[PDB]
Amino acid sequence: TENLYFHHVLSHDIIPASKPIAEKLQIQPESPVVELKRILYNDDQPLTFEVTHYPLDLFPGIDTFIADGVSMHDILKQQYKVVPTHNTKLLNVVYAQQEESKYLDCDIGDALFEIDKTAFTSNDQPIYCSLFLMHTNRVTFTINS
């Protein structure tokens, strides 16, 4: 019972794209991507642990803009003239590993909602992908059809 509809920067490293990342972003195997990890709190309780990847070949230098309090949507718009037009989201449950348990302050093995989101711009071009993890005791999702 706290409703998500349907910011601390931990790290950002430039890494080669894994198979599933390269597949979602429609880019070459091992392409350079920025791996941005952020924790969203509400309140001093960790609410969402976010890992987003930006293809450096589309947004060259995008890592350099990253910092606490920075709106990446504003960076995309102001710096690269890109605004997302739609997104595709999948929702599953996955199970916390060492990293998630640290940042979400939970136990290894705890059930987490995983939202796997791919954002797109004009002509169905993927621009970034995000995986948001939330402890299942801490959130309810609202969907208004």
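Residue indices: 1-based, along the sequence shown.
Colleague: From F141 to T142, how many deposited residues does the entry skip: none, 1 to 3, 4 to 9, or 10 or more?
Modeller: Missing in between: none.
Colleague: Per the entry, where is the mean C-alpha temperature factor higher: 63-71 or 48-56?
Modeller: Higher of the two, by average CA B-factor, is 63-71.
Colleague: Check the entry's C-alpha temperature factors for 113-121 and 81-89, then say which stretch has the higher mean.
Modeller: The deposited B-factors put 81-89 ahead on the C-alpha mean.
Colleague: Out of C129, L10, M134, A22, whose C-alpha atom has the biggest B factor in the entry?
Modeller: The listed residue with the largest C-alpha B-factor is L10.
Colleague: Tell me, lowest, middle or highest third: where does the Cα B factor of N42 rank within its chain?
Modeller: Its C-alpha B-factor belongs to the highest third of this chain's values.
Colleague: Among all modelled residues of this chain, ranked by Cα B factor, put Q98 in the bottom, middle or top third, i.e. lowest, middle or highest.
Modeller: Highest third.
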